[PDB]
Amino acid sequence: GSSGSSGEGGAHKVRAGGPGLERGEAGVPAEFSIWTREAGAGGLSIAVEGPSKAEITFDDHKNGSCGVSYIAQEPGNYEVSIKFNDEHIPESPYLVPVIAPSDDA
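Criteria and cut-off values
- Residues numbered from 1 in each chain as written, not as in the entry; some residues may be left out.
- Heavy atoms only, no water.
- Helix = DSSP H or I, 4+ residues; strand = E, 2+ residues; numbered from the N terminus.
- Buried < 20%, exposed > 50% of the residue type's maximum accessible area, 1.4 Å probe, protein only.
- Contact = heavy atoms within 4.5 Å.
- Areas by Shrake-Rupley, 256 points an atom, 1.4 Å probe, with all protein chains shown as cover.
- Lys, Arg positive; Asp, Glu negative; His and termini not counted.
- Charge placed at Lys NZ, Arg CZ, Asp CG, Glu CD.
- Pairing = 2+ DSSP bridges.
- Axes fitted to C-alpha atoms, helices over the stretch in contact; angles between N-to-C directions.
- Core = buried A, V, L, I, M, F, W, Y, C linked by side-chain atoms within 4.5 Å.

For this entry, the PDB record names solution NMR as the structure determination method.

Looking up the protein chain in the PDB entry gives the name Filamin-B, with the organism given as Homo sapiens. Within the Protein Data Bank, this record goes by the title "Solution structure of the 21th filamin domain from human Filamin-B".

So this is what it looks like as structure tokens:
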């Protein structure tokens, strides 16, 4: 069995959602906040994979949220794999269909 190690939460007990996850754009930074007000504590991993290389920036702003952003030089469906405390959540990996924005000048 075990001795006794406190630890509540767990991958499943982790939700993620943002205005960027739903959809993204090529050349534009896609930010998104992760709702971790359920799980007790744990690490977080982000990996954006797709037809091209995507930039990633992690900056701890507060204890509540961290704020993660990623830019895709090329359009396409970037699959961002999110692992909590070394565990795959029922919401990952994520599929963000990025596209190249066409502006008329």
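From this point, things continue past the structure.
This brings us to the overall build of the protein chain. Of regular secondary structure, the protein chain possesses zero helices and ten strands. Reading the protein chain from its N end, one meets helices and strands in the order β-β-β-β-β-β-β-β-β-β. Taking the principal axes of the C-alpha coordinates as reference, the protein chain spans close to 65 × 25 × 20 Å. Expressed as a percentage of the 105 residues in the protein chain, the buried residues total 30%. Once local pairs closer than 6 in sequence are excluded, the contacts in the protein chain between residues at least 24 apart make up 62%. Total accessible area on the protein chain is roughly 7,100 Å²; 45% of this is exposed by carbon and sulfur atoms. Put simply, the protein chain has 7 plus and 16 minus side-chain charges, and the middle of one group is 7 Å from the middle of the other.

Right, let's get into the sheet that holds strand β7 (residues 68-72). Taken in spatial order, the three strands make up an open sheet running β3-β7-β6, and their pairing is antiparallel. Edge positions in the open sheet fall to β3 (29-32) and β6 (54-58), since each of these has one partner strand only. Taking each pair of neighbouring strands and ignoring which way they run, the sheet shows an average axis angle of 20°.

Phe32, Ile46, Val48, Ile82 and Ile89 are the most contacted members of the largest nonpolar core, which totals 24 residues. Of all the secondary-structure elements, those providing two or more residues to this core are β3, β5 (44-49), β7, β8 (76-84) and β10 (94-99). The dominant element in this core, judged by the number of residues it contributes, is β8, at four residues. Residues within four places of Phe32 in sequence aside, it is in contact with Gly18, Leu21, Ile46, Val68, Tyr70 and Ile82.

On the secondary structure map, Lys83 appears in strand β8. For the pair formed by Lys83 and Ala11, sequence separation is 72 residues and the distance between their alpha carbons is 7.9 Å.

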